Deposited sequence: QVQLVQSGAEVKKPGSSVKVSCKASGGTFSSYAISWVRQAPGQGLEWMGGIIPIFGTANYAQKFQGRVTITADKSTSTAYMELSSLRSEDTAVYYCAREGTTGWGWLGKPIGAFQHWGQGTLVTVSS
């Protein structure tokens, strides 16, 4: 289980950014996005179970975050629009742990994390 994210981005205020996370089962477990600013700790944005294809968002980001997934490429995506200086952060994709294969029960907490993607808003 490895999560590998897209590279750092520097963005203009008011633009949108889309970050990817490639997993290396994919369709059956919850993938979340969590961000972290310089020097707000960690902050949960939303999550997606790719098999169901729909996302759940924190109300804080509703209306400007889009979380999608692609089964063939084993890739999750987070798009964040209308960027502001306060959105400068490392954005992480995370997957819940399991006690196991299919003998494992999911345990909710984030066992697996991508390396993060720094998004800087000028």
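Annotation: deposited residues 1, 26-27, 104, 127 are not represented by C-alpha coordinates in the model.
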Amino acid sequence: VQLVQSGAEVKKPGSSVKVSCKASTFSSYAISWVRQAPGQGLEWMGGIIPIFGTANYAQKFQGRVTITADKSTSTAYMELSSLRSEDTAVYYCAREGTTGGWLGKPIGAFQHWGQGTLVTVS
From here on, numbers count along this sequence of modelled residues.
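Averaged over Cα atoms, the B-factor as recorded in the entry is higher for 103-111 than for the other of 12-20 and 103-111. Taking the PDB entry as given, 61-69 carries the higher mean Cα B factor of the two stretches 61-69 and 75-83. Of the candidates 46, 50, 97, 39, the deposited coordinates give 50 the top C-alpha B factor. Among the modelled residues of its chain, residue 3 has a C-alpha B-factor that falls in the middle third, as given in the PDB entry. Residue 89: CA B factor in the lowest third of modelled residues in this chain (values from the PDB entry). Among all modelled residues in this chain, the alpha-carbon of residue 31 has a temperature factor (C-alpha) in the middle third.
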